[PDB]
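Below, all heavy atoms of this structure are taken into account, side chains as well, without hydrogens, waters or symmetry copies. When a residue number appears, it is its place in the shown sequence, counting from 1.
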Amino acid sequence: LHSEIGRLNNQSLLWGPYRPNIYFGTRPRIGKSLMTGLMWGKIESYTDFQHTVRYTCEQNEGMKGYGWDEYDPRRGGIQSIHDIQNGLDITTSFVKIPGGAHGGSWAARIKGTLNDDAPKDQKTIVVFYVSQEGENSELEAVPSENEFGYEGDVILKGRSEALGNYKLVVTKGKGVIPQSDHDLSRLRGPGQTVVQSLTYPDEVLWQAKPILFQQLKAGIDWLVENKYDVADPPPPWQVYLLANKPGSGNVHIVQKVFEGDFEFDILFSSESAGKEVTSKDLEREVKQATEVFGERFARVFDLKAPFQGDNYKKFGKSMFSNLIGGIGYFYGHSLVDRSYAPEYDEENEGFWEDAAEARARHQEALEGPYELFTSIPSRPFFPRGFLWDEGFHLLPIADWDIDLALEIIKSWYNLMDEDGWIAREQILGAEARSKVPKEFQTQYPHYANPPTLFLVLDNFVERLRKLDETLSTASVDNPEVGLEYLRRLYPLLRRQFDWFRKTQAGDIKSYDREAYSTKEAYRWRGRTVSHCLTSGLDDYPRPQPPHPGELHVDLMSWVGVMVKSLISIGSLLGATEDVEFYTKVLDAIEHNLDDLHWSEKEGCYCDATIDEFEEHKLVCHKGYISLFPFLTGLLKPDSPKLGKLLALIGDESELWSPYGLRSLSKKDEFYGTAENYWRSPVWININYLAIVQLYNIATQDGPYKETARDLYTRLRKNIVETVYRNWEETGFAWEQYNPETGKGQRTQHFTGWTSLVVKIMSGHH
Ligand SMILES: CCCCN[C@H]1C[C@](O)(CO)[C@@H](O)[C@H](O)[C@H]1O
């Protein structure tokens, strides 16, 4: 049954718009295969098209906004794009039609509507670019009857090992096609759909913009050569219209020019399936997908008071679809430093200068290939896999489709190396690398990241104890399926746990340091004077100067999270030998959080260092870090420590702002200093952990039940209203929120853990 379910999931999720880095494109979950991408741009002059043309995602003044209105990666969805520069409201509908043995079929409608400010006679170029990698695969544009290009549909027939036989059709579409009366029309046609079929070495096929411009430029050079000049120039759109040359190749460029509004379809027909897909199929499946999305949303994301209104529902749908609609498939080599230089052990004072010296040896090399199936923080700015982000992204996704989430966990855990390391940032392939400065590409095997994917595993453990529809929950409906998944993942989890302990260990024994356990103490590797990138809270203030005797209460809490998980999963597999070990680790972390990290004088948790005089010193900076044992679910409901944290969480002059909890307290000397990333702004991921823990305390007998209930109520309201208010004003989710003004700031399109707001609204943790 497990294998059966495995196979149905593979066939179900194979195809998608899995290229989140571009406005619209498709590719299957196969490294070297068929990929498509859309481009468009107005043409007004002889030189504007190069500046107007859209392909990879961006966010600036000339783009109003864009995003998925509805999406489900089993069925497809609809994306809206509001382009001010090109005067166009674009819509791209995508739909999957299950069938055959090769992952099924799919279709897309592309619709462009000029906005109110565009000239009614705007010319717009639209290109559908298609490429295929693979040694023994073939793709061929059937040539047109007509001399100079196509009056109707363009049909590409192809074959490969992974897809078998298939046909990909770009329809003629609806809309006015401009006509040139120039002499050029004798050799180039008066204006029509054209195809160029080309070949390049497989590894550059992703470079669609340059490949296309190299063809445009060759066209313009042909004009110059054949005496078409400024005495009497062809119209711009004709100058940028490729000469028709369909054929066989691993690249096919299909180019249309439209005057005014347009629309056209793309129909991918898997030959092994029924009859080929048609436009009338597309329209039906589109309408159907929406119905299904609507029904599932209302059930899984049942917004509770005071967010029951339709305004909130539209908001929740937008935040959710953008999160799930970011899922991408990535494939290629990544840049890793595998020197294991000994400077990276950071055992001396001043270690940061040493580690920089080793970095400047530049011993990094490309390795893999790797593949990854993952959601992403931000389409225009962070279109790739981030380890601790991914745990937050999957919490809402798992609610919607637990099997999709488990698939993404599996994907991430299959990257893990023999030591138990997964790189915090997955930059796979030249395409992914293109959008990332070289200095920032290299991954370091001593860098951890918060293990937030354990949070998702925890939700799945609890659910397991207590056609597309069936597939989405098959891992909890079939209890032997679930346990098998856990049996196979479990050794990897254990390895990650052991890896943390060997690589991110702090030093008790070697200092005058007293504590319940000799073993349990942690220090994030990777810190510079100014930063601690690996903890995820980049510039949150830490002991100065950084020092080999530092201990980090965040990191120790993340270890608590992990043991708790390994206890539940261990139990389920009756790994009683292991369960007993974890139980003692937990017990010790519980004690050592107190002995090493608790400040009586301050009433909160603190990181620790070693003095000038070699003594242990707490260094307290009140903010997210201070609450960590609480955020991560390690405190008993009656703990007096918990009571004191509830005081600090609730205190307006410290963390509590009208807009959510501040990353750092207004009292700390580092409030609003430096780059001010984690030194005052309100962050939805950490607020989310707070809300979940307040709620937990609120719904059990104990001395803080009602303080927690008051805080839960108000923080849930403040968080959701902050994000909603900004969405309404700007159309964006943002990375963080300003505690003084409420405004969203930094990275836009941040879906992204900001989307956790859909789970907060729907409550019932
Ligand atoms: C020098 C670049 C640092 C930017 N990091 C922020 C974005 C992201 O890295 C991806 O969402 C998160 O993983 C971090 O934790 C955030 O702080």
Side-chain angles (χ1 to χ4, degrees), residues 344-347 351-352 355 387-388 391 419-422 424 444-455 493-501 503-508 510-511 513 515-518 520-528 531-538 540-543 546-567 581-582 585-599 604-610 616 618-621 624-635 689:
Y344 299 150
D345 302 310
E346 291 172 340
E347 289 288 359
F351 52 77
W352 54 91
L387 185 51
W388 89 302
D419 298 326
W421 166 69
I422 304 174
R424 52 170 281 241
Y444 297 91
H446 55 125
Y447 283 10
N449 225 30
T452 50
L453 289 166
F454 280 78
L455 295 181
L493 305 181
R494 175 189 56 231
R495 199 192 304 166
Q496 199 177 32
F497 167 83
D498 298 345
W499 176 86
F500 263 91
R501 291 154 76 67
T503 63
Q504 313 295 318
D507 196 339
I508 311 163
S510 137
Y511 294 103
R513 213 163 230 186
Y516 177 102
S517 166
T518 35
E520 294 305 323
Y522 299 98
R523 174 179 66 103
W524 295 108
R525 307 282 119 120
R527 78 163 285 246
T528 67
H531 286 86
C532 180
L533 249 282
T534 53
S535 65
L537 294 90
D538 319 340
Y540 189 99
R542 303 282 192 167
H547 171 296
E550 276 178 75
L551 309 168
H552 300 309
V553 56
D554 58 315
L555 174 51
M556 181 157 310
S557 316
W558 283 119
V559 186
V561 168
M562 271 172 116
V563 254
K564 290 183 40 148
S565 278
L566 290 179
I567 280 146
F581 187 82
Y582 301 146
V585 183
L586 184 50
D587 154 76
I589 286 178
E590 280 167 355
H591 292 273
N592 268 24
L593 269 168
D594 301 6
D595 316 326
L596 294 162
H597 287 291
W598 178 268
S599 190
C604 66
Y605 300 92
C606 311
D607 293 335
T609 356
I610 297 300
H616 166 110
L618 298 192
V619 178
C620 306
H621 295 288
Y624 293 170
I625 292 304
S626 315
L627 313 172
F628 246 83
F630 164 67
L631 305 176
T632 53
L634 298 194
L635 290 196
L689 299 175

Enquirer: Is the closest basic N to carboxylate O distance between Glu550 and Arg527 below 4.0 Å?
Expert: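 Yes.
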Enquirer: Work out which heavy atom in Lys564 is nearest to a heavy atom in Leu586; give both atom names and the distance.
Expert: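 In terms of heavy atoms, the two residues are closest at CG-CD2, 3.9 Å.
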Enquirer: Between the side chain of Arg525 and the main-chain N/O of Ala448, is any donor-acceptor distance below 3.5 Å?
Expert: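 Such a contact is absent between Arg525 side chain and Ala448 backbone.
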Enquirer: Hey, does the side chain of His597 reach the backbone of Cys606 with a donor-acceptor pair shorter than 3.5 angstrom?
Expert: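 The answer is yes, because a donor-acceptor pair under 3.5 Å joins these two groups.
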Enquirer: For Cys532, is there any backbone N or O sitting under 3.5 Å from a side-chain donor or acceptor partner on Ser535?
Expert: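 Yes, because the side chain of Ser535 sits within donor-acceptor range (under 3.5 Å) of the backbone of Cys532.
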Enquirer: Could you check if a side-chain atom of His552 sits within less than 4.5 angstrom of a side-chain atom of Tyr522, using non-hydrogen atoms only?
Expert: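 No - every pair of side-chain heavy atoms lies 4.5 Å or more apart.
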Enquirer: Hey, does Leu596 have a side-chain heavy atom less than 4.5 Å from the side chain of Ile508?
Expert: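 They are in contact (side-chain heavy atoms under 4.5 Å apart), so the answer is yes.
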Enquirer: Which heavy atom of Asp507 sits nearest a heavy atom of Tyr511, and at what distance?
Expert: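 Taking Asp507 first and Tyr511 second, the nearest heavy atoms are OD2-CE1, 3.7 Å.
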Enquirer: Is any side-chain heavy atom of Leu634 closer than 4.5 Å to one of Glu590?
Expert: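 Contact flag for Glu590/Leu634 side chains = no.
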Enquirer: Output, in order, the C-alpha distance, side-chain angles, deciding distance and verdict of side chain to side chain donor-acceptor pair (under 3.5 Å) for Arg513 and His616.
Expert: CA-CA 7 Å; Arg513 213 163 230 186; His616 166 110; 3.2 Å; yes
Enquirer: Determine, step by step, whether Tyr540 and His531 satisfy the side-chain contact (heavy atoms from CB on, under 4.5 Å) criterion, reporting the C-alpha distance in whole Å, the side-chain angles of both residues, the deciding distance to 0.1 Å, and the verdict.
Expert: CA-CA 7 Å; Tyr540 189 99; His531 286 86; over 6 Å; no
Enquirer: Is there a donor-acceptor pair closer than 3.5 Å between any side-chain N or O of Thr452 and the backbone N or O of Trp388?
Expert: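 It does hold such a pair.
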Enquirer: Ignoring hydrogens and geometry, is there a side-chain-to-backbone donor-acceptor pair from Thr609 to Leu551 under 3.5 Å?
Expert: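 Flag not set: sc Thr609 to bb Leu551 has no pair under 3.5 Å.
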Enquirer: If you round to the nearest 0.5 Å, how far is OG of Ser517 from CG of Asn592?
Expert: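 That separation rounds to 5.0 Å.
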Enquirer: Decide side-chain contact (heavy atoms from CB on, under 4.5 Å) for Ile625 and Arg542; before the verdict, give the C-alpha distance in whole Å, the side-chain angles of both, and the deciding distance to 0.1 Å.
Expert: CA-CA 10 Å; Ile625 292 304; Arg542 303 282 192 167; 3.8 Å; yes
Enquirer: Any side-chain heavy atom of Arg523 within less than 4.5 Å of one from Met556?
Expert: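 They are not in contact (no side-chain heavy atoms under 4.5 Å apart), so the answer is no.
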Enquirer: Would you check if the distance from the ring center of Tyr444 to the ring center of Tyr447 is below 6.0 Å?
Expert: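 Between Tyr444 and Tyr447, the centre distance is under 6.0 Å.
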Enquirer: Side chain of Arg495, backbone of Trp421: donor and acceptor closer than 3.5 Å?
Expert: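 No, the answer is negative, given that no donor and acceptor are paired below the 3.5 Å cut-off.
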Enquirer: Please find the pair of heavy atoms, one from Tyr605 and one from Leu635, that lie closest to each other, and give the distance.
Expert: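 Heavy-atom minimum between the residues: OH-CD2, 3.4 Å.
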Enquirer: Please find out if less than 6.0 Å separates the ring center of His446 from that of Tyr344.
Expert: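 Here the rings of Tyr344 and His446 have centres that are less than 6.0 Å from each other.
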Enquirer: Would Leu566 and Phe497 count as a side-chain contact (heavy atoms from CB on, under 4.5 Å) here? Give the steps.
Expert: CA-CA 9 Å; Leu566 290 179; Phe497 167 83; 3.7 Å; yes
Enquirer: Would you indicate whether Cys604 and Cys620 have their SG atoms under 2.5 Å apart?
Expert: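 No disulfide here.
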Enquirer: Can you name the closest pair of heavy atoms from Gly391 and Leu453 and give their distance?
Expert: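 That would be N-CD2, 3.6 Å.
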Enquirer: Donor-acceptor pair, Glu346 side chain versus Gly526 backbone, under 3.5 Å?
Expert: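 Answer holds: yes.
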Enquirer: In Å and rounded to the nearest 0.5 Å, what is the CZ to OG1 distance from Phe628 to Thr632?
Expert: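 One finds 7.0 Å between CZ of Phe628 and OG1 of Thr632.
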Enquirer: Would you say the ring centers of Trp558 and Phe454 fall short of 6.0 Å from each other?
Expert: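 Between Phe454 and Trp558, which both carry aromatic rings, the centre distance is not below 6.0 Å.
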Enquirer: On a heavy-atom basis, which atom in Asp607 and which in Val553 lie closest, and how many Å separate them?
Expert: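 Nearest heavy atoms, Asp607 then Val553: OD1-N, 2.9 Å.
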Enquirer: Minimum heavy-atom separation for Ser557 and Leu593, please, with both atom names.
Expert: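 Distance-wise, the nearest heavy atoms are OG-CD2, 4.1 Å.
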Enquirer: Do the rings of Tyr516 and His591 sit parallel, tilted or perpendicular, given the 30° and 60° boundaries?
Expert: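 Answer is parallel, since the angle falls under 30°.
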Enquirer: Only one of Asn449, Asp554, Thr534 forms a side chain to side chain donor-acceptor pair (under 3.5 Å) with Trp524, so which one is it?
Expert: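 It is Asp554; the other options fail the test.
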Enquirer: Is there a side-chain contact between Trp598 and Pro629 (heavy atoms, below 4.5 Å)?
Expert: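 Not touching, per the 4.5 Å side-chain cut-off.
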Enquirer: How many angstroms lie between OG in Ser565 and CZ in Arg494, if you round to the nearest 0.5 Å?
Expert: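 Going from the OG atom of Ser565 to the CZ atom of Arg494 covers 15.0 Å.
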